[PDB]
Amino acid sequence: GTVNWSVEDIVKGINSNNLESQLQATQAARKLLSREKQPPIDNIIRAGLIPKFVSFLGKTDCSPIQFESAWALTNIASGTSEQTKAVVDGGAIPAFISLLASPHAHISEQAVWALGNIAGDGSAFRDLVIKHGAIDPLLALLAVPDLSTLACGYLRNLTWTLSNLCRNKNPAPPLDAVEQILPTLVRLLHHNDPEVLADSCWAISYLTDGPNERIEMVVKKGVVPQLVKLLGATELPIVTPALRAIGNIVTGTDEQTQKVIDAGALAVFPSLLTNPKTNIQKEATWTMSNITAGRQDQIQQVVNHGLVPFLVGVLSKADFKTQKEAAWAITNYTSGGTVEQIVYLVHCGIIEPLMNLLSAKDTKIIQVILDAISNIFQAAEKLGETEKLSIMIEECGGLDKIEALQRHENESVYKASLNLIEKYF
Amino acid sequence: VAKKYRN
């Protein structure tokens, strides 16, 4: 019946004066626009159909055409920015927000989905959806005693839409919308469905990607222990955003970082720093670098949790980007740590893989590593042990590498080298 | 992905 129509036939039906003919034609459009490959989105836009779909959203008397037109527009809105823009330009936003109240679950769900694609386009559309008042009726759909009674697909869509309202920066979402959304997100973060959990963690990761004030508003909600728990999940799609959120939190203040440690996070790092997914090791090591940038009592906790040998491991062998994060974690540990914490680092065997990484063609990591060596030499001075360290650096071939570096392009680099060379070698 | 097409 409505399979494989041409655009011209769809146009003909939609322009007929006959609501049933318009409904069949709209459903045909929904079918073109939902096919597996190359849906003809631009052809539908160019035929001028968006304004007719939008006014069909308002047909309370004909719920099937509301659904077909909502689904058609969702898919248009799922494409490029210019395509999402055409949906918005047709007035879709307030019309979808009014469908949130529909007594028909499949229809308010479609409106949720459409609004998520719109808000998902970027900050300006996200904030426009919020100005049109989307958040109150979105949140009313989740106002039930027990999330478990909602259909699973429906809750997943709501969660994902709310996370798009939390997403993007420049600017970040309005502080008041974030405050409005957060209690419902905290509730979603304790739900048992893995996709709900993954998207709740993504939303939390967006909200903590910002200055300390933004981080604080999340941390004040008490979510950190739940995040650390998800950090332990067996599902990679949950671990990845849980770890991103935890990593974002530890770029905040030392007190915000302490909440992550207090919640047990460090005990998960032995598995994270050896995780077979490269991106998990990289972001675990990034996270560690922002903890070793903390107070000496926080460095101490990294030590007590047995994590220095794990840093030595990733420095010795890892994808290069993870290794660059490990080099940072080490330079941070060495500028902030006590002499005894620094001595410990050397006893776990940091020197040889630090030196091996001096052969990399990345000026930044070379800078980072010479800073670290200089820091470690500073500790050895206070102990009168600079010579013991010079030799260690000699024996694993580090001296060769530092010498060469005198003849290096960069200023810090050849500057940093000559200094160590002339100071201890 | 920020956007999702309904198949």
Side-chain angles (χ1 to χ4, degrees), chain A residues 247 251 273 278 281-294 296 299 302 307-425:
Chain A
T251 64
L273 298 166
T278 292
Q281 279 181 35
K282 182 176 48 95
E283 303 229 337
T285 304
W286 165 60
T287 295
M288 289 305 307
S289 68
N290 287 310
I291 300 174
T292 63
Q296 304 187 334
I299 295 174
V302 164
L307 297 185
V308 174
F310 284 95
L311 297 175
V312 174
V314 286
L315 208 74
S316 302
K317 175 185 170 73
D319 185 73
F320 179 74
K321 298 165 166 277
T322 298
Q323 290 182 296
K324 203 182 204 186
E325 308 286 0
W328 272 114
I330 301 308
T331 312
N332 290 349
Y333 178 120
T334 63
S335 51
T338 66
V339 175
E340 168 173 48
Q341 292 167 337
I342 291 162
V343 161
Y344 176 66
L345 194 55
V346 172
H347 293 160
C348 289
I350 203 65
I351 291 305
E352 171 179 280
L354 264 189
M355 299 301 86
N356 288 346
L357 267 182
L358 270 187
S359 318
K361 352 245 222 175
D362 176 283
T363 285
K364 202 37 148 168
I365 200 182
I366 303 195
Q367 277 165 15
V368 167
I369 297 167
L370 297 164
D371 282 343
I373 302 290
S374 171
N375 291 343
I376 297 163
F377 263 112
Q378 280 169 239
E381 273 165 358
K382 300 177 184 158
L383 294 173
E385 311 267 63
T386 55
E387 190 183 297
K388 287 209 166 93
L389 172 61
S390 297
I391 281 143
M392 292 193 45
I393 289 166
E394 271 172 33
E395 298 192 349
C396 69
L399 183 58
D400 291 337
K401 289 194 169 66
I402 301 168
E403 282 169 339
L405 298 174
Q406 289 164 133
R407 317 319 204 107
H408 189 280
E409 303 277 79
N410 189 288
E411 55 174 22
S412 341
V413 171
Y414 69 100
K415 171 235 174 77
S417 329
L418 162 58
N419 174 27
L420 291 141
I421 295 277
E422 55 182 23
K423 218 168 189 181
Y424 316 105
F425 299 108

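Order of the sequence lines fixes the chain letters, A, B, ..., with proteins taken first and strands second; residue numbering starts at 1 for each chain. We use all heavy atoms of the structure for the numbers below, so side chains are in, but hydrogens, waters and symmetry mates are not.
Take A:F425 and apply the ring-ring contact (aromatic ring centres under 6.0 Å, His included) test, not counting sequence neighbours, and it matches A:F377.
Interatomic distance, A:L357 CG to A:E352 CD, rounded to the nearest 0.5 Å: 11.0 Å. Rounded to the nearest 0.5 angstrom, A:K282 NZ and A:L273 CG are separated by 13.5 Å. Between atom CG of residue A:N419 and atom OG of residue A:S412 there is a gap of 12.5 Å, rounded to the nearest 0.5 Å. In this structure, the separation between CD on A:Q323 and CD1 on A:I365 is 6.5 Å, given to the nearest 0.5 Å. In this structure, CG in A:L405 is found 10.5 Å from CG in A:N410, a value given to the nearest 0.5 Å. If you take OG1 on A:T285 and NZ on A:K321, they are separated by 13.5 Å, rounding to the nearest 0.5 Å.
No more than 12 heavy atoms of other residues, nucleotides or ligands lie within 6.0 Å of CD in A:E387, so this atom counts as exposed by the packing criterion. Counting heavy-atom neighbours within 6.0 Å of A:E381 CD, excluding the residue itself, gives a total above 12.
When all heavy atoms of A:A326 and A:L315 are compared, the closest pair comes out as CB-CD1, 3.6 Å. Among all heavy-atom pairs drawn from A:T334 and A:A372, the shortest one is OG1-CA, 3.7 Å. Nearest heavy-atom pair across A:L420 and A:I373 is CD2-CG2, 4.0 Å. Looking at every heavy atom in both residues, A:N375 comes nearest to A:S335 through ND2-N, 3.4 Å. Residue A:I299 comes nearest to A:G336 through the heavy atom pair CD1-C, 3.6 Å, listed as atom of the first residue, atom of the second, then distance. Between A:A416 and A:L370, the shortest heavy-atom distance links the atoms CB-CD1, 3.8 Å.
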Pair A:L358-A:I366, side-chain contact (heavy atoms from CB on, under 4.5 Å): steps then yes or no: CA-CA 6 Å; A:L358 270 187; A:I366 303 195; 3.9 Å; yes
From CA spacing to verdict: side-chain contact (heavy atoms from CB on, under 4.5 Å), A:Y414, A:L418: CA-CA 6 Å; A:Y414 69 100; A:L418 162 58; 6.0 Å; no
From CA spacing to verdict: side-chain contact (heavy atoms from CB on, under 4.5 Å), A:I351, A:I376: CA-CA 10 Å; A:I351 291 305; A:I376 297 163; 4.2 Å; yes
side-chain contact (heavy atoms from CB on, under 4.5 Å) between A:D362 and A:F320, worked out: CA-CA 10 Å; A:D362 176 283; A:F320 179 74; 3.7 Å; yes
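The backbone N or O of A:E403 sits less than 3.5 Å from a side-chain atom of A:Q406, completing a donor-acceptor pair. Side-chain N or O atoms of A:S289 include none that pairs as donor or acceptor with a backbone N or O of A:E325 at under 3.5 Å. Side-chain atoms of A:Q367 do not come within 3.5 Å of backbone N or O of A:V413 as any donor-acceptor pair.
Evaluated for a side-chain contact (heavy atoms from CB on, under 4.5 Å) with A:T292, the options A:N332, A:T331, A:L345 yield exactly one hit, A:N332. When each of A:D371, A:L311, A:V314 is paired with A:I330, the side-chain contact (heavy atoms from CB on, under 4.5 Å) condition holds for A:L311 and for no other.
Looking at heavy atoms from C-beta onward, A:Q281 lies out of side-chain contact with A:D319 at the 4.5 angstrom threshold. Within the 4.5 Å cutoff, the side chain of A:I291 has no heavy atoms near those of the A:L307 side chain. Taking 4.5 Å as the limit, every side-chain heavy atom of A:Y344 sits out of range of all side-chain heavy atoms of A:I350. Contact check for A:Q378 versus A:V339: no side-chain heavy atoms found under the 4.5 Å cut-off. Within the 4.5 Å cutoff, the side chain of A:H408 has heavy atoms near those of the A:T363 side chain.
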